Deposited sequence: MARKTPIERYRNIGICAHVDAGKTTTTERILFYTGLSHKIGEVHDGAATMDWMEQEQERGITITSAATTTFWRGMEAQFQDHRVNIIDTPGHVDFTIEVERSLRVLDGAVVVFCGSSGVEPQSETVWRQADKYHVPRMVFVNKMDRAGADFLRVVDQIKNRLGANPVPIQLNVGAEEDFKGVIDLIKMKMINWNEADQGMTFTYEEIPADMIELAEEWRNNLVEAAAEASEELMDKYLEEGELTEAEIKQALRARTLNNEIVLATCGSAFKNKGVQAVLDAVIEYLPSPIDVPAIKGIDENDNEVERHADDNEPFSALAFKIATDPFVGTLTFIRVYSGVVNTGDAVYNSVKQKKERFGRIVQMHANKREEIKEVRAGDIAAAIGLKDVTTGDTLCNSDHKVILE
């Protein structure tokens, strides 16, 4: 029995802030194709990618949530802005992140101000990849600084389609100043990119995206976007950024746990590694009893498998397994490395417990 979706197309993310951003993500993903974790599909605003499985993990415990997700979308209101406690813990666990400055349609909205605060108050290195076109009631879209094009989302579709257009005349200089910043941000990813940047004064879109992705993954920068969920202008582009810049399960370090001799060991994101998983939320249900949400880090688990609860030091047997989608449940038979699902009816599993292969015991938490 083989893997159906390559592990590189998974994005385990948290949306940290939230309810409006998440509801819009479920809406866009749904028509294009609180629950502890919801699986959605996204192939890009222009269907420019293969289908990616985006597992959206509900975020507030906090230290546990950050190990369950691989990357995060940290959402800041355009008017208030800067979270500080969460950001610091994220730094400790080296969680790659991007930033979404939402509510750009509201009074007092100022994208660059929020960005300057992330740099100054949070000690981060934010790099905008967009510029808002207007603010408050004048907010009508964004500028994709990499393509150097304005995104005009259709109003009747609810932003389900858009058209690329030219950067309006009064924004050209501002758009160029910030594109220069992002390019130099990309140039510092390698010796080769810097040498080209210095000689030619430019980099290709593919070079810029690869570089910005690498710097996001090594926690050197945080890319910044903006928009408005209510005006259906922006979250569609956040979803593209998740694919382009946030990590897959093989882009983060192997999870660490403790073995039977109290020594630190790791479990690599590979289906051939011994099975290991963390139970991160247990939800009750009036028809199926309990839903034990697990993040699988390594190996595979199937319905009928005997596994070991390393905390309780007892065997559990997996029965039914489900993944929650926005509008239904998919009943499944296996859960592989890098994925999230819920096991129905486990007997004695508590939140934070590790489930693993009996012959390679490990406690993740």
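Q: Going by C-alpha coordinates, which parts of the deposited sequence are missing from this model?
A: Seq positions lacking coordinates: 18 to 22, 39 to 63, 91 to 97, 120 to 122.
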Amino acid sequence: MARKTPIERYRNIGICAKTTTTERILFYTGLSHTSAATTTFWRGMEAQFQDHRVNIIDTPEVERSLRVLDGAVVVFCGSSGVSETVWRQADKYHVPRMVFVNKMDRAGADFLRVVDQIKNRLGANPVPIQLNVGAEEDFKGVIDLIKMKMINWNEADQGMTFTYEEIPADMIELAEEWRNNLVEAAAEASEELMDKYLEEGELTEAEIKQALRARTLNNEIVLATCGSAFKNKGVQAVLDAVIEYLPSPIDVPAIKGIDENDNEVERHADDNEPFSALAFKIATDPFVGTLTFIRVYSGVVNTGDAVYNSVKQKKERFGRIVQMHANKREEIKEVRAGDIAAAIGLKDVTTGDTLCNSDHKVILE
From here on, numbers count along this sequence of modelled residues.
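Q: Going by the mean C-alpha B-factor recorded in the entry, which is higher: 330 to 338 or 310 to 318?
A: If you average the C-alpha B-factors of 330 to 338 and of 310 to 318, the larger mean comes out for 310 to 318.
Q: Using only the Cα atoms and their B-factors as the entry lists them, report which of 128 to 136 and 278 to 286 averages higher.
A: In the deposited entry, the stretch with the higher C-alpha B-factor mean is 128 to 136.
Q: Take the CA temperature factors straight from the PDB entry and tell me which of 217, 235, 291, 156 peaks.
A: Going by the entry's C-alpha B-factors, 156 comes out highest.
Q: Among 72, 224, 86, 239, single out the one with the highest C-alpha B factor in the record, please.
A: In the PDB entry, the greatest C-alpha B-factor among 72, 224, 86, 239 is found at 86.
Q: Of the three thirds of its chain by CA temperature factor, lowest, middle or highest, which one includes residue 11?
A: It falls in the bottom third of the chain.
Q: Consider only the C-alpha atoms of the modelled residues in this chain, order them by B-factor as the entry records it, and name the third containing residue 248: lowest, middle or highest.
A: For residue 248, the deposited C-alpha B-factor lands in the lowest third.
Q: Mind checking which third residue 104 falls in for C-alpha B-factor across the chain?
A: Highest third, going by the recorded CA B-factors of the chain.
Q: Going by the entry, which third of its chain does the Cα temperature factor of residue 26 land in?
A: According to the entry, residue 26 has a C-alpha B-factor in the chain's middle third.
Q: Name the third of the chain's ranked CA B-factors that contains residue 17, choosing lowest, middle or highest.
A: Highest third of the chain for residue 17's C-alpha B-factor.
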